[PDB]
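A.B. asks: Sharing run-v2.pdb (PDB, C-alpha atoms and all ligand atoms) below.
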```pdb
ATOM      1  CA  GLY A  50       0.000   0.000   0.000  1.00  0.00           C
ATOM      2  CA  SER A  51       2.793   2.414  -0.891  1.00  0.00           C
ATOM      3  CA  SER A  52       1.435   5.966  -0.947  1.00  0.00           C
ATOM      4  CA  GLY A  53      -2.075   4.578  -0.590  1.00  0.00           C
ATOM      5  CA  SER A  54      -4.881   4.282   1.952  1.00  0.00           C
ATOM      6  CA  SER A  55      -3.313   4.501   5.410  1.00  0.00           C
ATOM      7  CA  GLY A  56      -6.407   3.252   7.211  1.00  0.00           C
ATOM      8  CA  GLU A  57      -7.224   3.812  10.876  1.00  0.00           C
ATOM      9  CA  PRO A  58      -8.122   1.398  13.708  1.00  0.00           C
ATOM     10  CA  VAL A  59     -11.641   1.206  15.138  1.00  0.00           C
ATOM     11  CA  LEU A  60     -11.709   1.527  18.927  1.00  0.00           C
ATOM     12  CA  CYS A  61     -14.928   1.011  20.886  1.00  0.00           C
ATOM     13  CA  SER A  62     -16.938   4.188  21.467  1.00  0.00           C
ATOM     14  CA  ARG A  63     -16.744   4.034  25.263  1.00  0.00           C
ATOM     15  CA  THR A  64     -13.552   5.605  26.609  1.00  0.00           C
ATOM     16  CA  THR A  65     -13.023   3.136  29.452  1.00  0.00           C
ATOM     17  CA  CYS A  66     -13.567   0.261  27.023  1.00  0.00           C
ATOM     18  CA  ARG A  67     -11.887   1.467  23.831  1.00  0.00           C
ATOM     19  CA  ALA A  68     -11.571  -2.211  22.916  1.00  0.00           C
ATOM     20  CA  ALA A  69     -10.150  -2.766  19.432  1.00  0.00           C
ATOM     21  CA  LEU A  70     -12.186  -4.668  16.843  1.00  0.00           C
ATOM     22  CA  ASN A  71     -11.907  -8.347  17.770  1.00  0.00           C
ATOM     23  CA  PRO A  72     -13.600 -11.534  16.497  1.00  0.00           C
ATOM     24  CA  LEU A  73     -15.006 -11.933  20.009  1.00  0.00           C
ATOM     25  CA  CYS A  74     -17.513  -9.082  19.777  1.00  0.00           C
ATOM     26  CA  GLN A  75     -20.826  -9.647  17.997  1.00  0.00           C
ATOM     27  CA  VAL A  76     -20.432  -7.954  14.614  1.00  0.00           C
ATOM     28  CA  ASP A  77     -23.863  -7.517  13.033  1.00  0.00           C
ATOM     29  CA  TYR A  78     -22.709  -7.047   9.440  1.00  0.00           C
ATOM     30  CA  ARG A  79     -26.371  -7.385   8.473  1.00  0.00           C
ATOM     31  CA  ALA A  80     -27.568  -4.618  10.792  1.00  0.00           C
ATOM     32  CA  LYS A  81     -24.455  -2.538  10.118  1.00  0.00           C
ATOM     33  CA  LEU A  82     -23.745  -2.822  13.845  1.00  0.00           C
ATOM     34  CA  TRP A  83     -21.443  -4.580  16.310  1.00  0.00           C
ATOM     35  CA  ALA A  84     -22.091  -5.287  19.990  1.00  0.00           C
ATOM     36  CA  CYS A  85     -19.128  -5.298  22.372  1.00  0.00           C
ATOM     37  CA  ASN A  86     -18.267  -8.396  24.407  1.00  0.00           C
ATOM     38  CA  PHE A  87     -17.051  -6.343  27.369  1.00  0.00           C
ATOM     39  CA  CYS A  88     -18.896  -3.034  27.702  1.00  0.00           C
ATOM     40  CA  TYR A  89     -21.738  -4.586  25.706  1.00  0.00           C
ATOM     41  CA  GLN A  90     -22.431  -1.320  23.888  1.00  0.00           C
ATOM     42  CA  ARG A  91     -23.972  -1.026  20.423  1.00  0.00           C
ATOM     43  CA  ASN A  92     -21.838   1.132  18.128  1.00  0.00           C
ATOM     44  CA  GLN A  93     -22.623   2.204  14.564  1.00  0.00           C
ATOM     45  CA  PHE A  94     -20.229   1.534  11.685  1.00  0.00           C
ATOM     46  CA  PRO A  95     -18.022   4.375  10.378  1.00  0.00           C
ATOM     47  CA  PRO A  96     -18.658   6.176   7.062  1.00  0.00           C
ATOM     48  CA  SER A  97     -15.237   5.199   5.714  1.00  0.00           C
ATOM     49  CA  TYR A  98     -15.198   1.512   6.647  1.00  0.00           C
ATOM     50  CA  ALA A  99     -13.101   0.665   3.591  1.00  0.00           C
ATOM     51  CA  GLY A 100      -9.456   1.169   4.505  1.00  0.00           C
ATOM     52  CA  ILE A 101      -9.882  -1.113   7.507  1.00  0.00           C
ATOM     53  CA  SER A 102      -8.027  -4.240   6.392  1.00  0.00           C
ATOM     54  CA  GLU A 103      -9.633  -6.396   9.084  1.00  0.00           C
ATOM     55  CA  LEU A 104     -13.120  -5.588   7.795  1.00  0.00           C
ATOM     56  CA  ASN A 105     -12.218  -6.210   4.152  1.00  0.00           C
ATOM     57  CA  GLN A 106     -11.541  -9.834   5.089  1.00  0.00           C
ATOM     58  CA  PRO A 107     -14.335 -10.792   7.523  1.00  0.00           C
ATOM     59  CA  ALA A 108     -13.541 -13.945   9.496  1.00  0.00           C
TER      60      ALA A 108
HETATM   61 ZN    ZN B 201     -16.780  -1.853  24.280  1.00  0.00          ZN
END
```
How does this structure look as structure tokens?
Ligand SMILES: [Zn+2]
C.D. replies:
Amino acid sequence: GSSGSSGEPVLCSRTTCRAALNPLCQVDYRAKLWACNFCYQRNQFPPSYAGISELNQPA
């Protein structure tokens, strides 16, 4: 990705949580949502959810 999309990490909304995107949390790709496994908070997906390499290849 030389001179390309840098991409930024997606940290949970909650400050105390700020848990990175892990395969443990319930990612509702259908409802464009993802529930946390710790704070258990529903966060909406970002407008630029492209760069994110993790997302690109959903496990
Ligand atoms: Zn959380």
A.B. asks: With only C-alpha atoms and all ligand atoms as the atoms that count, which of A:52, A:71, A:90, A:106 lies nearest to ligand ZN 201 (chain B)?
C.D. replies: A:90
A.B. asks: Could you spell out the hits of the PyMOL selection byres (((not hetatm)) within 10 of (chain B and resi 201)) on the shown file, as a ChimeraX atom specification?
C.D. replies: /A:60-70,74,83-92
A.B. asks: Which residue, A:81, A:73, A:96, A:102, has the smallest gap to residue 56 in chain A when you use all atoms listed in the file?
C.D. replies: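 Closest residue, counting all atoms listed in the file: A:102.
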A.B. asks: Under the PyMOL selection byres (((chain A and resi 100) around 9) and not hetatm), which residues of this model are included? Write them out as a compact mmCIF listing (two decimals) with C-alpha atoms, keeping the file's coordinate frame.
C.D. replies:
```txt
# COMPACT_ATOMS: atom_id res chain seq x y z
CA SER A 54 -4.88 4.28 1.95
CA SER A 55 -3.31 4.50 5.41
CA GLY A 56 -6.41 3.25 7.21
CA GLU A 57 -7.22 3.81 10.88
CA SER A 97 -15.24 5.20 5.71
CA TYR A 98 -15.20 1.51 6.65
CA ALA A 99 -13.10 0.66 3.59
CA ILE A 101 -9.88 -1.11 7.51
CA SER A 102 -8.03 -4.24 6.39
CA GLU A 103 -9.63 -6.40 9.08
CA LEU A 104 -13.12 -5.59 7.80
CA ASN A 105 -12.22 -6.21 4.15
```
A.B. asks: Got a sec: who's within 10 Å of residue 94 in chain A, counting all atoms listed in the file, leaving out chain neighbours fewer than 6 positions off, as a PyMOL selection string?
C.D. replies: chain A and resi 59+76-78+80-83
A.B. asks: Quick one: axis-aligned box around all listed atoms of range 86-101 of chain A, 4 Å on every side, centre and edge lengths in Å to one decimal, written as lines of an AutoDock Vina configuration file.
C.D. replies:
```
center_x = -16.7
center_y = -1.1
center_z = 15.6
size_x = 22.5
size_y = 22.6
size_z = 32.1
```
